[PDB]
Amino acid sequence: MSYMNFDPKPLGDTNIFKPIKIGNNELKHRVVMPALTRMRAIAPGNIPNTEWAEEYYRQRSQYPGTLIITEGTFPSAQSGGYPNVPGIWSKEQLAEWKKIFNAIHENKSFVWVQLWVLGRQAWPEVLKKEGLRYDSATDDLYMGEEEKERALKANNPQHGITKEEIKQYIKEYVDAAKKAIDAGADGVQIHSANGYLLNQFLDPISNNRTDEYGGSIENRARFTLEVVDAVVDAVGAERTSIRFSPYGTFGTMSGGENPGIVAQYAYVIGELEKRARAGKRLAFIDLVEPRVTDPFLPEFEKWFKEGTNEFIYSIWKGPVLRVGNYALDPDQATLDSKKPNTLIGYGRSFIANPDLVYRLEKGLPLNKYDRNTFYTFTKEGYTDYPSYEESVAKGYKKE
C-alpha cells in the first residue's frame, strides 16, 4: 500500500489529452487501458465473472471518453486452455459481456474485445481433458523443455495445424467478432503478439513450415492477414484492430536479436496500410514497446535498447497505440505522443489505479501495483485499489 517511486508530471497539456477519433469512437484523450489478463473468469464455461468484473471495468472506464481493451478473450474453446479466462462464443458468455459493455458505455467510454488464441502457450493437459488439440505452427518446435514435458505427459503433443484447421480458426475469429459487436462491443482487436498463436506463425523461431504459411516473410504473415481480412469482411475495418510485439521475447519469440525481425513487421504493417489506402482503414494498430520485452519482469528489466518501434510511422498512417513502461516515464510518453495520432497505453499502472486517467492528467502519485494478485481468483487486487483521494486519506507514500 504505497505509491510508485517516481516523480509524476501532469500530462493534461500534452497530446495525450487531445481528443482523437478511433474508428467510430470519439475518444476524449489518449490514455488507453490495454488488454490485461486477470483470471477472474468462472470455470467451466469461461464466463466473465459475475460478482466482480463489471465493477473492475466500471472503475477503469470512469473518465469519460476512455478506450478500454478487454482482457484477452478466447473466440472458441480450441483457442483456449486457461479455465479462468473468458470466452465470447457462447450465449451465457455473451450475456455477461453485455453487462460489462453496458457499464463502460454508461461511463461514456468505449470497449474493444481482444480476441486471443493461445497456440503453444496453452496448457495441454487442460486441453486434453476437453478433447482439444495442443496447437501451433509446427509439430516439433516446443517453446521449452517444461512445455514439451507437460505436453508429452498429457499425451497431447504439439500439433502443426493444417490448412483446414487454419480456416476453422478463421471462422472462429469471425464468429466471435460478429458476436462481440452484436452484444454491443465497439470493436475487436486481433491478438497477434506476445508469442501466442498468430505470433507463432509470424516468427521464424516458431515456424519452419514449408507450405504457404512458412518459409518467407509473406508466408509467415499469411495467417495473420487472412484473419484480418476475414474479420474486416464481417464487422468492417472501423471495428477491427491488431496488436503486435516486434521486440517481444515472451513466449520464446525472437525479439530484436534476430536482425530480420523488423522486416517481418514492416511487411505486415505495410500490407495493412495498403488495405487502408484502398478503402476504410483498421481503427488502430497496437504495439508493445521494446521497453517491455517480457511483461512478467519488473519495469526497466530487459528493456531492448538497440531497436525501436519508430519504423511504424514511415509505413502506417493511422492511429498507433504504444504500450510498455510509460507510467514511470511521463517524459517518454509525452515525446511519443507528439508523433501523429499516437495513443499511450498503461497496463500494470491501470490495474493499480482505477482513476489513472485523472492522475496522469494532473500529475498525481500513482498507486503501486500488487503483483501477488495479478492473476488470483480474488476481489482483492482487482476492485479494491483506491482512488487518489482515498490513497491520501490512508496516508500512502512512495515505496
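For every residue, the number given is its place in the sequence shown, counted from 1.
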| query | finding |
| --- | --- |
| Between the two ranges 331-339 and 34-42, the one averaging a larger CA B factor in the entry | 331-339 |
| Mean C-alpha B-factor comparison - 65-73 and 24-32, higher one | 24-32 |
| C-alpha B-factor winner, where the candidates are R239, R220, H191, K305 | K305 |
| Deposited CA B-factor, highest of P86, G195, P246, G144 | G144 |
| Position of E212 among the chain's modelled residues by C-alpha B-factor, lowest, middle or highest third | highest |
| Within-chain third of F110 by Cα B-factor, per the entry | middle |
| Relative C-alpha B-factor of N49, binned into the chain's lowest, middle or highest third | middle |
| Chain third (lowest, middle, highest) by recorded CA B-factor, residue given as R359 | middle |
| Among modelled residues of the same chain, the CA temperature factor third for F101 | lowest |
